[PDB]
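Novice: Build the 3D model from these lines:
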Amino acid sequence: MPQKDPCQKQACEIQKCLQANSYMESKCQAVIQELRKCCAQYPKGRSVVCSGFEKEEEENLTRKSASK
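Specialist: Residues are numbered from 1 along each chain as shown. Structure data below:
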């Protein structure tokens, strides 16, 4: 329920950074890490994108759960 979503902007900036980087998400790892600081300001239920984002933290278990 996106009443307001502080992090939706930053989730946009992942995509926008991508366009600024010709979809090299390798560069946009910084801006994913920005969504992080945004997301972790709150409980995930406050935001749709941050609800994707605390699940990004699960997805990271591929790379390593602790490698950042």
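Novice: List the contacts of the residue lying closest to residue 53 once chain neighbours are set aside.
Specialist: Here the nearest residue to residue 53 in space, its sequence neighbours aside, is residue 39; by CB to CB, 6 or more residues apart in numbering that works out to 4.5 Å. The C-beta positions use only the backbone N, C-alpha and C, and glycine is treated the same way. Taking CB atoms under 8 Å, 6 or more residues apart in numbering as the criterion, residue 39 is in contact with 7, 47, 49, 50, 53, 54.
Novice: Next: residue 11.
Specialist: Residue 11 neighbours (CB under 8 Å, 6+ apart): 35, 49, 52, 53.
Novice: Now the buried members of those residues.
Specialist: Neighbour counting over the contacts of residue 11 (16 or more other CB atoms under 10 Å) leaves 35, 49, 53 as the buried ones.
Novice: Go through the host helix or strand of the last one and flag the buried ones.
Specialist: Residue 53 is part of helix 48-59 when elements are defined by DSSP states H and E. By neighbour count on 16+ other CB under 10 Å, the buried set for helix 48-59 is 49, 50, 53.
Novice: Ignoring the adjacent residues along the chain, who's closest to the second one?
Specialist: Nearest in space to residue 50, with sequence neighbours left out and distances taken as CB to CB, 6+ apart, is residue 39 at 3.6 Å.
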